[PDB]
Amino acid sequence: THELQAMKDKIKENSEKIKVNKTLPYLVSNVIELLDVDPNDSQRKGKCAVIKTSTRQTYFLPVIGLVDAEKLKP
Amino acid sequence: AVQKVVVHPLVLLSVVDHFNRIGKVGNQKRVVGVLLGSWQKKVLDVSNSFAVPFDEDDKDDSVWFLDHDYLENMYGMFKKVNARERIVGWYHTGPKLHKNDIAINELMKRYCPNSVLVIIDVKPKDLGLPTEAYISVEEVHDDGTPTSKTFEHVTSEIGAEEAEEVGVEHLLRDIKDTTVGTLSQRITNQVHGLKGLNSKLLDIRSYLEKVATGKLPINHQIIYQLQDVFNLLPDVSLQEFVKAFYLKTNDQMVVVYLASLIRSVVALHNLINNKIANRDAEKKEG
Amino acid sequence: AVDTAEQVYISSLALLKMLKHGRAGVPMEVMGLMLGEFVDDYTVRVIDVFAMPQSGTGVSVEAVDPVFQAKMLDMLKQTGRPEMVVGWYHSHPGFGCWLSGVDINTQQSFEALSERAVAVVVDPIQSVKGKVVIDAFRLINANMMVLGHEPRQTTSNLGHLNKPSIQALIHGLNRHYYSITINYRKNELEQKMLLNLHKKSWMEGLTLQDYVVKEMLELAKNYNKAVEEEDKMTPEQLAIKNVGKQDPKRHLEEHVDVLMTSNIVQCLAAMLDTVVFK
Amino acid sequence: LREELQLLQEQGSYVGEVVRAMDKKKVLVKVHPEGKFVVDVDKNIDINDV
Amino acid sequence: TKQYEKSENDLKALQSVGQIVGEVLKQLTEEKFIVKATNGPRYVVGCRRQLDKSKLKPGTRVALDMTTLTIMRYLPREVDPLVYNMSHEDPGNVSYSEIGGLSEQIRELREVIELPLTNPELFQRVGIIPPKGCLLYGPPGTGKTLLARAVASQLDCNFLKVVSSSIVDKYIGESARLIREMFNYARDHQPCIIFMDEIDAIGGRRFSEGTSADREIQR
Amino acid sequence: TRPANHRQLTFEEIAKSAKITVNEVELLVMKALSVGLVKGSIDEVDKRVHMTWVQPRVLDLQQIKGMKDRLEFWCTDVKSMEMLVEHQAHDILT
Amino acid sequence: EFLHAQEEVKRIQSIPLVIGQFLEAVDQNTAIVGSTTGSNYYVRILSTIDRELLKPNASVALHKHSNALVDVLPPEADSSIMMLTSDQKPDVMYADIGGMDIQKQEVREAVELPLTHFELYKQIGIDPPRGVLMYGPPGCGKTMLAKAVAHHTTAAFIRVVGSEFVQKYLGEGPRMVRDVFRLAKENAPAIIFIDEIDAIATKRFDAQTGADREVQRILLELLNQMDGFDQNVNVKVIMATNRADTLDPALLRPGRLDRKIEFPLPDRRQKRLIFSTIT
Ligand SMILES: Nc1ncnc2c1ncn2[C@@H]1O[C@H](COP(=O)(O)OP(=O)(O)OP(=O)(O)O)[C@@H](O)[C@H]1O
Ligand SMILES: Nc1ncnc2c1ncn2[C@@H]1O[C@H](COP(=O)(O)OP(=O)(O)OP(=O)(O)O)[C@@H](O)[C@H]1O
Ligand SMILES: [Zn+2]
């Protein structure tokens, strides 16, 4: 029952590894939320949202990570 | 599950360079390490790995130990640099397998659902594409034995990758590539009879040995079954080609015709143009 | 004081993680560490190379974790050979693999740790099979500008490495740096099987496996006939006549020698009837 | 061609447009999508053809 | 408890760089494909072994690798503004027929707009085609917008609202493909309805030839 | 049992071994086509039943001795003339 | 070793590559090629084929870093968008004018004979023009006789709006209209239809309209490309516009467009005909 405090230390220690990834939120990216599954060709399932960049280039990245899809519309 | 494996020369060397590690200090057994597999599909691939200190006693033939402090934290190392790379099993240089090898795989099944072992060879000798691969399953047996755990052979094939042929394929430098279309196919033919009919004689002598001794293997039945699939044509005396006789030369029909037609005009290109350019320079100079 | 040109002995096992760990960081640049032994001033050996975590935010001197090496050296003790660290390396796939602005900042830090700390770069792109590519360099001290600035004795191992001179910006870094010679101490035991494992796997898998009949020759005859008239109009084009057209022009190749080998493919493949059978 | 390609390997090689010529031997270069450039000598062909 | 470490392992997947989208054109051979990124450069590159036959396509948007520029997986599209056009709502039915006038005009777009979805067979059997457009002007009274607006969401939850502010765009306005994009996602809704309001601004007349702003209006 | 081929078989031979009448040979050999022991189509002009592939079953001590006779015979015949391919054609390769 | 050196040059550069536009052949062993981004690149040509596939203007593949000249298109992969789509049928039957035979005789000589005929031209010596200019709407006319020609004869129809090639960069523009007109001379018979080019005919020097003036020089570029069809093979250029007042004088000048087809005002004649077709 006390194992909750044991894992609470490693998630805060790994949240510090997120801190160096949170400095800094270097650029703006227009978000578009998408849900699709790709049959292969074993099975790979996941939610992936197409992302933009204001540089006029467009990229493709999995759903964030950190803040989930609960927020927001694209 | 695991059908075939892809072994890179880079990860196979990781077993070979460790043969210099513990080869100088000795003493017994062989080189053994844990295998890092890359699984994108049913076909298995291996990129890197890590060699672990390992020993197997003789007396005491059933004694084996991996170092699992080496296995745990070093996994978090390769995992941090490469997220896709994970342990699919273990390996060793053999050359053959003692009965104790049953316990090495069952212990590490906590790491991977099925751990594939790769028997490698540090000194290339015979008979062909080297090393080996096994998969751990349970077929029990027909005779009624208690559940039998026996490693089934997995076909191993070498494969390449981008950027890895830089230093690897450079150091040889002595190979002639290839040449496809002339020598490449014919050297195989001389070997296809050699390597084809030598295993023919090695097995047919062991199959005769069956009646004598070493029975079981009965086998059964796989031996004669696919041998009879080889029997679609025997081919025995004489060749039973009465239907394939006129068809024999009929396949050589156009191959000889074109070879007769091409060499005629290729000559007209070679002979004429050579005579033209030759006398233009030769006689107009003097 | 006395400085002699260094010779780098690389092991075939150390060559693996140079291109392999570099391939994992492609396209982005990685940061590694070289592992070896210092024999003397004029020669040096790298007996091992290991992978270090790639930086997705860009390479920095703090990308190397000191507890990563301290846990690694302890695992090297239980491993066959626990050899001391020597120097560092980094991949540069996106360009011609030259020392960047971060590479010089991590130089004075690593050359303070270890004496030499040879700077080694590698790129996948320049070739695939038959070129060494890679790169190497060693910092010559800028404080030495008061003293003689032209090492080393035993020159042309540098001088020949100074060929091709590899464009401008690369040798533009020859200010404050000098490259180092890379030769291969013989692994040929492993290198002999490196050729055997490669070619046997490439020879029909058993040499047996691999060993559109008239139609492939009906498709070939279009290359063996319909190509002839476009080839044999050129000698009538060589006839001017005569002579107002610019000469010489040689149309003899390459179709003639291709159709030659085209029969060499078809004749010995048809010999499979006489070879395989009986 | 391999050695010459290494000279053309890094950025390739471009094509400029000279708007004016100077006696100092520096020639102004202009690329259509890019901005105007200029460079020191640079002397290959006879200058009268420039 | 362990779900946090699962999100930590998801951050390891976040370390992967995003690839670059592109539009294919055609194919020279099976080993040579011509792709064109949204930025406008074209690349003839090779392809990897994990793709399928559905990648080829007649010029369908694909994503290109960051090194070999090979196509991994094709994303259909992406649109930021679409959701703001999804939220338009109007009542009636009754509230449309409650406007009090004109009586026959309520009887107009009723069977013109709403009817094709519920009973498409009535038009195709007799052979009469429904109108593909309409124009409502004013203001002799009110009801220019409301007459078409209430029947707009009365067809179904389907509607797409267009404001004249999105056509002008900016200097060298790229909304030419956004007018195509907005109508592309208008076809995502079936059966589609298209609005245009206050066209006396973006409807610029070529009678007296003015600045090129009148030309891009025609474009 | 036989090395064959000797692949196509005459109905009278089936009418001897299997001792079946001529009108019933159809149902006989064609049912084996569905069972999977032989895929060979039947030639109904001369009423001769042609065979394809084969179904192996078990083995006997005389089958191994019968094997070494007609199996290694393929090994000794091919390798003998394979040396002729190696002998004469090694000069044009070098 | 020299045969091994043949594998060397064929190994370079392997993959990847980038498309580029060839400009002209300046001298041996090297030539200049415009990049897809628009910047012209001067590149050493590959030592294999220096001549036949070079061509004055073509799209040639280049390496990423080195931009090396290796191989051009067949030609061609053509370009984006699409063609045809007018073959769905039915549209309009030509039998309406079949009673006159005075009108069809001039049409019969101006349609199917200019499509494919050879020995009849050089004999009489008259060079048939490619020019077709359609003005006069209202009424509509036009596309009726377009899909009606599809009933008459079968050919590839290039259908693009005058604004279809307007993009964010000015480097892709000259290539698209070049790829449109280069398939017209490549494939026969070919018909290209552009609707209302009077838009880009607007003349404005301003830099923000510089691209807008860049596409009118593109219109003058493809204008330079339409004399490349001369002579005689091959193209059919049909032009339609609602207002020709904004068009330039040199666009309607003969020698390029030699035939102005004025669609008459509906007046009284088109009244009864147009009530019958709708009913
Ligand atoms: N017959 C009606 N019944 C109820 N409400 C009405 C009626 N006519 C107008 N309204 C109210 O007036 C507002 C504007 O309606 P509407 O769009 O018809 O006029 P408008 O188009 O804004 O005026 P204009 O035509 O001058 O632009 C709406 O919000 C609506 O609630
Ligand atoms: N018999 C006919 N007579 C005249 N016009 C017709 C006839 N049949 C169909 N049409 C019209 O022709 C139109 C197609 O013409 P097109 O696509 O060339 O545009 P357009 O009419 O030239 O446009 P605009 O009139 O604005 O220039 C259709 O919308 C159709 O309504
Ligand atoms: Zn760096």
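We're sticking with Swiss-Prot numbering for chain C, so the shown stretch reads 24-234, 244-310, in order.
According to its header, the structure was obtained by electron microscopy, 8.0 Å.
Yeah, the Cβs are placed from backbone N, Cα and C, and that goes for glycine too.
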Check the candidates C:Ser179, C:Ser224 against Swiss-Prot and report the one noted as phosphoserine. C:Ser224
Which candidate in C:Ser78, C:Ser114, C:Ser150 appears in Swiss-Prot with the annotation phosphoserine? C:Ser150
Under Swiss-Prot, which of the candidate ranges C:113-126, C:276-289 is annotated motif 'JAMM motif'? C:113-126
Environment of C:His113, C:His115, C:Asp126, the listed Zn(2+) site - residues of the same chain whose CB lies within 8 A of the CB centroid: C:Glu52, C:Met54, C:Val82, C:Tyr112, C:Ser114, C:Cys120, C:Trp121, C:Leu122, C:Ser123, C:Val125, C:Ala142, C:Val144
For the motif 'JAMM motif' (C:113-126), could you work out the same-chain residues 6 or more beyond its ends whose Cβ comes under 8 Å from its Cβ atoms? 44-45, 48-55, 81-84, 142-149, 156-158, 160, 189-190, 192-193, 196, 200
Residues from C:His113, C:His115, C:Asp126, C:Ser150, C:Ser224 facing chain B - recorded positions, CB under 8 A: C:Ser150, C:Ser224
Filtered by Cβ distance under 6 Å to ligand 3, the recorded positions C:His113, C:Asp126, C:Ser224, C:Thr266 reduce to C:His113, C:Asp126
Cα of C:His113 (Zn(2+) binding site) to Cα of C:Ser150 (phosphoserine), in Å and rounded, measures 18
Checked against DSSP, the composition of the motif 'JAMM motif' (C:113-126) is 3 helix, 2 strand, 9 coil
When the domain 'MPN' (C:31-166) is classified with DSSP, how many of its residues are helical, how many are strand and how many are coil? 44 helix, 31 strand, 61 coil
Say we define neighbours as other CB atoms within 10 Å of the CB. Which of the binding-site residues C:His113, C:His115 has the fewest? C:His115
Nearest recorded site to C:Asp126 (Zn(2+) binding site) by CA-CA distance, among modified residues C:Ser150, C:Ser224, C:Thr266: C:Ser150
Could you check the modified residues C:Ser150, C:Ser224, C:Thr266 and say which one's CB has the fewest neighbouring CB atoms inside 10 Å? C:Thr266
Cα-to-Cα gap, C:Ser150 (phosphoserine) vs C:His115 (Zn(2+) binding site), nearest whole Å: 14
